[PDB]
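**Q** opening with a subset of the complex:
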Amino acid sequence: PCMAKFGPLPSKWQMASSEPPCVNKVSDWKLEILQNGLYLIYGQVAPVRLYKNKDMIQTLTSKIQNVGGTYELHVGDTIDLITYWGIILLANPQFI
Amino acid sequence: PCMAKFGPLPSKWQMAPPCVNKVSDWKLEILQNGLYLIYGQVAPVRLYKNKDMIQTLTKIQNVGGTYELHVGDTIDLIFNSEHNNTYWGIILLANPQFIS
């Protein structure tokens, strides 16, 4: 099941069975999508900006402290977080 | 794994026994009890389950959450006015026998 997490400091990018990889790290807190699909971004900023490509998809400040949600992402798509977050591929139907 | 998506225009109902059955634009019926994840995006108003409002949107926002749904339920995304990087979809996550 394709997953990744970055990471809690001093953890960096970690990765679970990427074969073929669905995801590829870019810098810190940032990866790139290699494979179209429905993904679940999760993460935490406790006991901040989530970005898909150039614009913001979540802005944690606020009744819960969980980052992310479910999103269709496509090849070359980036996610950046501007304490961890990770991603899991749920499905790749037809059609995305 | 059973899922369906509507839009973005001019795409319609895209579908992947079925767990869901389209009704018309933006609207589907649930054919299977289960735990479902509804997702999507509204690029600028409300999500319904059997005529009751479950989310209301007012920037591009996220549609959905996780919902147990039963045979017969419908899911609709309604706009005040027509006047579209807008889509929504559903994936079936599980069907434990305790969802009925």
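**A** Cool, the structure landed. Residues are numbered from 1 along each chain as shown, chains lettered A, B, ... in the order given.
**Q** where's residue A:43, which helix or strand?
**A** strand A:37-44 (DSSP states H and E).
**Q** around chain B, pick out the residues from chain A.
**A** For chain A, the contact set with chain B under CB under 8 Å from any CB of the partner chain comprises A:38, A:55-58, A:69-72, A:90-91, A:93-96. Just so you know, the C-beta spots here come from the backbone N, C-alpha and C atoms, and that holds for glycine as well.
**Q** OK, contacts around residue A:65?
**A** A:44, A:45, A:46 (CB atoms under 8 Å, 6 or more residues apart in numbering or on different chains).
**Q** okay, the residues you listed in CSV with neighbour count next?
**A** Output for the contacts of residue A:65, formatted as CSV (neighbours: other CB atoms under 10 Å in any protein chain shown):
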residue, neighbour count
A:44, 15
A:45, 15
A:46, 8
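**Q** list the contacts for residue A:66?
**A** By CB under 8 Å, 6+ apart, residue A:66 lies in contact with A:42, A:43, A:44.
**Q** if you could redo that for residue A:9, that was the one I meant.
**A** By CB under 8 Å, 6+ apart, the contact set of residue A:9 is residue A:83.
**Q** the following sequence is to be added as chain C:
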Amino acid sequence: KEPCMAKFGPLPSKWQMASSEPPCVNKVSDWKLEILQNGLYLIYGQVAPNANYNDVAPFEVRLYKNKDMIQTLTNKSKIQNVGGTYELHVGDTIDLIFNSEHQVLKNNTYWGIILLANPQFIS
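**A** Same chains as before, plus chain C:
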């Protein structure tokens, strides 16, 4: 077969379990569960507030992970989803806690949990 999951309520249902072999969760008490298995879990649910509640204690409904509040609900006028996706470890508990027991309608309130993955990375 699977995913491993559990649900509490709505009343009269208590803890119900599916795909418990081998178990990922242990019931601890009403509305409260223990994690048996490290994992990526998705927590979901419905809180139905008593919109006519008006006793002494202030209104608030909370989801906890151990001693940390992870979701707080103070609007008594609408039925609200609870949960999220979390990395969870053996001995973590998740509990859903009402400031007083008539702040919620328990015949329409529940929460459950599903195991999405164990990456062989968390802890």
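**Q** so, the contacts of residue A:65 revisited with chain C in the model?
**A** Residue A:65 touches A:44, A:45, A:46, C:70, counting by CB under 8 Å, 6+ apart.
**Q** gap between the first one and chain B?
**A** As defined by CB to the nearest CB, to the nearest Å, residue A:44 lies at a distance of 18 Å from chain B.
**Q** follow-up on the earlier one: could I have the strand holding residue A:43 exported to CSV, CA atoms only?
**A** C-alpha atoms of strand A:37-44 as CSV (Å, rounded to 0.1, in the frame of the first residue of the first chain):
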residue,chain,number,x,y,z
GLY,A,37,-5.4,8.6,-7.8
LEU,A,38,-7.5,9.2,-4.8
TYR,A,39,-5.2,10.0,-1.9
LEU,A,40,-5.8,10.6,1.9
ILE,A,41,-3.5,13.3,3.3
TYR,A,42,-3.2,13.0,7.1
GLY,A,43,-1.0,14.8,9.6
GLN,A,44,-0.7,16.6,12.8
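**Q** who does the closest residue to residue A:42 other than its chain neighbours bridge with?
**A** Excluding the flanking residues, the one nearest residue A:42 by CB to CB, 6 or more residues apart in numbering or on different chains is residue C:85, at 3.8 Å. Taking DSSP bridges, one finds residue C:42 as the beta-bridge partners of residue C:85.
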